[PDB]
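Heads up: the structure comes next, in structure tokens.
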Amino acid sequence: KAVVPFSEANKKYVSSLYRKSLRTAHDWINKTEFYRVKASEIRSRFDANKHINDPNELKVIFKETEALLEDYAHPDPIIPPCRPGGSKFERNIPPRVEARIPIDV
Amino acid sequence: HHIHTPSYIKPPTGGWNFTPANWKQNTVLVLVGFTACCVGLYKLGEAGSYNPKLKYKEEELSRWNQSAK
Amino acid sequence: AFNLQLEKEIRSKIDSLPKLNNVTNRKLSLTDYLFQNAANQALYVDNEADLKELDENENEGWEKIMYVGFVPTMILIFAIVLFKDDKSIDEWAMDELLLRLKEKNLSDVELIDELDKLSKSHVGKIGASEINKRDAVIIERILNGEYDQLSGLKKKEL
Amino acid sequence: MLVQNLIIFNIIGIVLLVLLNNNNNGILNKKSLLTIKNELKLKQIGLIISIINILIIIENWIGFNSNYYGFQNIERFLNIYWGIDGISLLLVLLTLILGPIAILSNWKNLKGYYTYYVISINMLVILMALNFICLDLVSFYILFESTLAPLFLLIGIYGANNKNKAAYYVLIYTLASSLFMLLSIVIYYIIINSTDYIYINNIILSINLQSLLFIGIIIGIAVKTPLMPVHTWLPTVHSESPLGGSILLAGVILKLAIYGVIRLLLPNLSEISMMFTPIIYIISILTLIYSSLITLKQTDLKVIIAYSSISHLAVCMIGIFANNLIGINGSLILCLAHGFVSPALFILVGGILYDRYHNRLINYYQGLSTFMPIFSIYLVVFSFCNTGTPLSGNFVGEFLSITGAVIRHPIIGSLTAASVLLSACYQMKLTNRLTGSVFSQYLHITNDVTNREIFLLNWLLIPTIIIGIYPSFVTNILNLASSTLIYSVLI
Amino acid sequence: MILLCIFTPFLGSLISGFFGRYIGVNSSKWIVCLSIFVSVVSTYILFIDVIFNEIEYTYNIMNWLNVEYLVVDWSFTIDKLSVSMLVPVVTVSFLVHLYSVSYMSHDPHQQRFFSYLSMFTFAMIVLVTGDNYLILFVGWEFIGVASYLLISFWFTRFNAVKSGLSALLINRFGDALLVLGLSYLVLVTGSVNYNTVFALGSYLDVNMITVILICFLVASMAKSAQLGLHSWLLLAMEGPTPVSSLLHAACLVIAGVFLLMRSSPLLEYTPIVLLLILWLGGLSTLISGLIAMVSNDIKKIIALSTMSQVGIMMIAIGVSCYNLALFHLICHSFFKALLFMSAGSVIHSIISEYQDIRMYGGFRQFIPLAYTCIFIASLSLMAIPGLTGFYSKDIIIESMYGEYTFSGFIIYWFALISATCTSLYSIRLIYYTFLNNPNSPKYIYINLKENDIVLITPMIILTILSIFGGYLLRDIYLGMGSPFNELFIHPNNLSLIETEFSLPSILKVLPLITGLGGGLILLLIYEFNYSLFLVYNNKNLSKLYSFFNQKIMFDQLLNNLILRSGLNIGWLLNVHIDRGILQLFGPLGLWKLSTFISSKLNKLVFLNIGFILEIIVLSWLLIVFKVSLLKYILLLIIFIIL
Ligand SMILES: CCCCCCCCCCCCCCCCCC(=O)OC[C@H](COP(=O)(O)OCCN)OC(=O)CCCCCCCCCCCCCCCCC
Ligand SMILES: CCCCCCCCCCCCCCCCCC(=O)OC[C@H](COP(=O)(O)OCCN)OC(=O)CCCCCCCCCCCCCCCCC
Ligand SMILES: CCCCCCCCCCCC(=O)OC[C@H](COP(=O)(O)OCC[N+](C)(C)C)OC(=O)CCCCCCCCCCC
Ligand SMILES: CCCCCCCCCCCC(=O)OC[C@H](COP(=O)(O)OCC[N+](C)(C)C)OC(=O)CCCCCCCCCCC
Ligand SMILES: CCCCCCCCCCCC(=O)OC[C@H](COP(=O)(O)OCC[N+](C)(C)C)OC(=O)CCCCCCCCCCC
């Protein structure tokens, strides 16, 4: 679908793209003081393109952004233990609560 | 805590934090049972075991080699 | 034990509830299934269907047969493989081998001494084991000569 | 005494059940008294008859001599000579033990006509049991094919949705192939004027005639084990036949092919069997490997177990065609061990899950251990028996069969060891899924294994482990009988 | 006494397995711990009798296989090699069971866990004490059975379920080769008994010896996670940490080493196999350490260290130095179980229960006792002089150079790098978890507290064993001329003396310099110059980092190529054979043929005078025609059917 800047569906696409940018920075950079420098550099690059009207510019930028995010993706991201993909995910799931149906077998 | 559905799921191992009310009584019986035939293992082992390096004298083995020669 | 007077009570009470799907003092014997009149057999089922209608996985009718006929049958099979006085061919051959050693070495004082004191239960336990027995000369004599007679049956060579 | 009593008693049992249950057909429209509780009394009489048949073979077992060479209990009945040796004695007892199990597995999961089913089960058991005690080729063929008549009707009446397809498959695959075996039997009776076991065992035929006779017999045997590429009837028949039909098919019927090799090929066509062994090994090895890889892609629970049976019976065929005692004993023990584990896996897959959910698609079942822990224990235990884990009779059968193949043919017999890996690949892929993850969203929680289904599983597991730990109970009986099958002239 | 050492853990398995419902969670754990401890005291009593007094024990229960000449008995014998193997197994098993009492106290299923853990212990005792190879194979298989149930213990977790299957199937691949080696042993020697087979080692054909031990080598790779069959090892981390502390220390990962050391009377008479063991061990030491330097899960890092150290045992076996391999096998079980235990201590202590070292940092003060155990265990792992790892690992690395062959020289550098990489990934693990700036939330550090005394006690006991143990036991296994006839060394292969006297003094300290010197340089970069480790900048560094973090891309290659094509072959057979040509040459194909033929014949039955008169008169040609034309008439008739 075409991109309409300043729309609600554009404030969710850029926001998610910014999340994946910062998470990828966090996976690669494991020191908090070093992460803040990279986190601000990423944000300033978002601020530069913040005021753009032409969708024909945004789609060129949006396609390029995913090229960088996919290229810089960490092969081993950081996942919380109980989240999907974590070390404790689906461990000791409580059983389903439902009355047993008796059968004659 | 949670719901373990213990009404009908009673596996031999217990099913989600199962400790019966009479667990002290049963534990002594099992400890007696474990100890009783743990000695039975010892009594059997001492009777049945042997040293395979002392069953035949070295003089008996020299005759075997020559006879089989 | 049909007890027709008892069914009439059972039949009537189910009639006190016209609605449907909305006793332990009852039993039958082997002679009843073949000798009751056709009228009475109809009554018993009409109650049995309705008694069961007014209702886990027990008293199914097989437990007595399998635990009086089948499990003792497997026990008897287990006993036979355990305590039946049957020699196999490999167990016979070891006994025959010791017998021929005795016959070839009658003039042997040492060997016959061990053969006589070698009990029948330890014949298959020859060698190193927990039993303290003297078979050193017995093993010595088997290693010396060959006590089989296979060469005496193949009278044709190349 | 054995055959005469085993036939006369069962005829009286067949007639007794017919007389009781058919005395009221004549527009009585009554309610009877034997029809109550799904014909409980008629079921119980047939159950008792099956157990008594096990008692008859025992009375003749007490007098069996394991140190006698030749057939024992030699009897004449219906102008036919009947005899038993070490090999036959164990297969008869295996056949009769499964009789009560087949009846009890279908104790309450038939839509009706319980008297017919019980008679057919007892009729199938006796005909198969009598096939191990006949002493001529024609009597072997008569009992080999007589089972088709009740088995065809058993599938078509009590079968699943595709029962019509399965009934035709078993009748046509087995009858057409056995007629080729009949051609070889007719040739024996023409040139030798007898089909007696001992008479034909001493005759050496021309190497060209032995080839034609071997091919005729092997066609009938290869379809009934089954071997590739004539195996396509078995998965269809197993998925649609009733539970008792699957137990007898997977426990006895397939073992008649191995006994066919023992009687109809090894002692009479000895010279040509050595020629055919490389061909037999190639066919069996590819049967083992192909069936294991095909089993991976299956989606039906009862078809997965059906393909598992083909892989292990290829190993039995490999062992029996080894020309040594290790392979022959290993093949026979594997036949008995399979005769208990394979019916147990059909009870777990097609007798417990199917009786509760009536669907054999693999996609509906997972995480069963959450609400069926007892089922999961037996499922896991029998899965490791089915892959030849040590302490099970399957391993003792498999290890000696593989060892016998290696001794027979060191190069190509070594491929038999793929049974160890491939059997665990498809069997533990199914078990890891039924016992894995969250309890399935497509299932409602219901009862666990009942007392009857526990009883069936326990008494199929017990013989497997007793044989696995102390197989000398079986090897002592087989030792002198198996040693007669070896053909070699060492100079 | 011998029956007590072997079967007592099996009774503990049964009690928590079937009587767990009746004695409850608390008493089930301790009674199983009681059964293992009885085996501990029994083993120590037997250790004195066997090693120090040259007494052998043998209990022959009954016969197992009695098929003609092949006779296999249910016999268990305890000799120097067997009783030495029980020392790591039973001791570490006891200290892992006691560890699991408090570690698993929050788990809803504890009776089942201690049943599998004790059943695993019994199987390993069976493997090392059986009198023949078949009894070893019984323990060999049930170790894989128990490992499958332990790795998939949390069976609602999809990852644990598929990891348990992965470990079982790869080991079952090794079992299939082990069975073939046993079948070939029966073919060549007629026996599987150790006493028979080992007496014939010198007189048997080299090719027959090579075939049997190549089969043993493949089985050894699967269990010991050597290169090629090592993929399941890191998937085994899906199980509870006590499983990892046991499987990877004195258990299944060491079973492959034992099988090769047991077969030394045969293995010495085939140099080609020993050469393969040398290279396969050398490759796995190098690869494991390189992967472990860029790994981020704390248990994966320790698991890769286990693979690296087992490969150190393989190179020792390759140069026929069986005594060094057995000694390093015993010592490794002590400080590697400690490292797994002290890793599980940190994971429990942090309230988020993270396992990623990138989310750790600044833990040294808050958990000082856990840090001390890791520190000492790492130094023992790093073969710091004076410690137990120093007396067992330094000699093995130097023995590669003491071989003075081409292969020995190559593998010395592989071992040297692995020795250097061992220091590198140990310091990196310690820095990230303990010495780095805090990466966790502030709430984590105010709640970061040490665990109870039941968790602590086994770690202290193993900590002392990781300090002194190697020095005390060195002379039993490494002393010159010490009699260990179970481990046979051919006189042509004795290299312990040129190893001890001919090496340069620079090589005597070269592993120590690179590890200590390299470790300090690595530590400085993290603390002061971390900008060099932002490898996402450089594209070549990112690709080199990604290659090792993804474990030499082996798991991808195995799943995407070998496993995918293995399942696709079954699909092709299913589609084109079973549902394909066998239906065309079967029911579906014959149904179409029958329908075509029967439709033709149905058109020939109709009441018509002319039709039947023509056929009657046509048949008269059979009388006129000469009989040689019958087959042409037969061909013509089949044409008309079409
Ligand atoms: C889940 C299903 C439930 C069933 C699970 C458990 C199944 C039952 C376990 C036992 C299996 C049955 C096998 C034992 C039956 C007895 C076999 C026997 O007859 O032993 C005879 C043996 C030697 O015979 P002989 O010297 O001739 O003297 C007797 C003369 N009649 O004389 C003897 O010395 C007897 C010695 C018997 C020793 C006890 C055997 C029990 C099993 C313990 C050993 C098992 C092997 C060790 C495996 C450990 C793991 C590697
Ligand atoms: C491992 C298992 C082994 C068991 C398998 C044994 C069976 C193997 C035989 C396989 C051959 C049959 C299977 C394939 C036949 C398919 C028939 C067919 O499709 O019809 C072909 C054609 C009609 O065309 P149509 O089908 O409509 O469309 C074309 C589709 N492409 O019409 C035709 O062309 C059909 C040809 C005309 C009929 C020729 C008749 C020749 C003689 C009869 C053959 C059998 C002889 C038996 C003799 C004794 C009989 C008592
Ligand atoms: C060992 C050699 C034995 C040979 C004798 C065979 C049995 C004879 C049965 C005749 C009486 C009868 O048709 O009776 C019918 C009985 C029982 O049916 P039911 O459920 O009561 O009928 C329903 C009545 N209701 C509605 C009141 C409940 O069916 C049987 O018995 C079936 C056995 C034969 C099946 C296989 C046929 C194969 C034919 C070719 C064999 C080679
Ligand atoms: C050398 C031979 C050893 C023989 C004795 C070993 C101990 C036996 C333990 C029996 C009790 C048990 O484990 O089965 C019962 C437990 C039940 O789970 P729970 O922990 O009570 O939790 C209950 C909560 N659910 C319901 C969510 C699980 O498991 C299961 O159903 C889990 C499924 C896997 C089956 C495991 C079978 C293991 C058999 C070993 C095959 C060789
Ligand atoms: C000689 C080597 C061993 C072979 C043993 C015999 C195997 C015979 C093939 C199986 C046939 C079958 O089972 O017949 C059953 C099948 C059932 O077909 P269906 O699945 O319901 O599909 C058919 C319906 N549709 C497509 C609409 C879904 O009826 C047929 O097709 C009818 C043709 C019968 C031909 C039988 C001739 C047998 C000759 C045997 C020697 C060449």
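Chains as they are written, first to last, in full-length UniProt numbering: chain H, 7 to 111; chain G, 4 to 72; chain C, 25 to 46, 73 to 105, 132 to 234; chain B, 1 to 491; chain X, 1 to 642.
A virtual CB, placed ideally from N, CA and C, is assigned to each residue, including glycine.
Do you know offhand how far residue i's Cα is from residue j's?
i              : j              : result
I330 (chain X) : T463 (chain X) : 14 Å
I23 (chain X)  : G144 (chain X) : 28 Å
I191 (chain B) : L182 (chain B) : 15 Å
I279 (chain B) : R262 (chain X) : 39 Å
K508 (chain X) : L465 (chain X) : 25 Å
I397 (chain X) : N476 (chain B) : 54 Å
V273 (chain X) : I214 (chain X) : 7 Å
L338 (chain X) : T446 (chain B) : 46 Å
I577 (chain X) : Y307 (chain B) : 14 Å
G245 (chain B) : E167 (chain C) : 40 Å
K162 (chain X) : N432 (chain B) : 8 Å
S28 (chain X)  : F114 (chain X) : 8 Å
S399 (chain X) : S505 (chain X) : 14 Å
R112 (chain X) : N29 (chain G)  : 18 Å
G51 (chain G)  : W67 (chain G)  : 26 Å
Would you please state the rounded distance, in angstroms, between the beta carbons of residue i and residue j? I believe it to be under 8 Å.
i              : j              : result
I151 (chain X) : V294 (chain X) : About 24 Å; that fails the 8 Å criterion.
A383 (chain X) : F390 (chain X) : 5 Å
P101 (chain H) : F439 (chain B) : 7 Å
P438 (chain X) : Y445 (chain X) : 6 Å
Is residue i near ligand 7 - that is, is its Cβ less than 6 Å away from at least one heavy atom of it?
i             : result
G18 (chain G) : Only ligand 1, ligand 2, ligand 3, ligand 4 and ligand 5 can be found as ligands here, which leaves ligand 7 out of the picture.
Residue i lies in the beta strand (DSSP E); which residues open and close that run?
i                     : result
residue 667 (chain X) : In the structure as shown, chain X begins at 1 and stops at 642. Residue 667 (chain X) is therefore absent and cannot be evaluated.
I84 (chain B)         : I80 to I84
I411 (chain B)        : Careful: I411 (chain B) lies outside any beta strand (DSSP E) and carries neither H nor E.
Following the continuous alpha helix (DSSP H) through residue i, name the residue where it begins and the one where it ends.
i              : result
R89 (chain H)  : Run containing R89 (chain H): none; DSSP gives neither H nor E here.
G43 (chain G)  : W26 to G51
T30 (chain H)  : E14 to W34
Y44 (chain X)  : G20 to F47
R176 (chain C) : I165 to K180
Return no unless some Cβ of chain E is closer than 7 Å to the Cβ of residue i.
i             : result
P14 (chain G) : In summary, chain E is missing from the structure at hand, where the protein chains are H, G, C, B and X.
- Item | Given 8 Å, three or more beta-carbon pairs between the segment 278-290 of chain X and the segment 358-370 of chain X | Contact fails: fewer than three Cβ-Cβ distances are below 8 Å.
- Can you list, in chain order, every residue whose CB sits closer than 6 Å to a heavy atom of ligand 5? B:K165, B:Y168, B:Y169, B:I172, B:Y173, B:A176, B:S177, B:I219, B:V223, B:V230, X:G586, X:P587, X:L588, X:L590, X:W591 and X:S594
- Does the segment 63-79 of chain B come close enough to the segment 478-485 of chain B that 3 or more CB-CB pairs lie under 8 Å? Enough Cβ pairs lie closer than 8 Å, so yes.
- Query: Per the contact definition of three or more C-beta pairs closer than 8 Å, is the segment 168-187 of chain X in contact with the segment 104-123 of chain X?
  - Reply: no
- Query: Are there three or more Cβ pairs, one per stretch, closer than 8 Å when the segment 64-71 of chain X is compared with the segment 306-315 of chain X?
  - Reply: no
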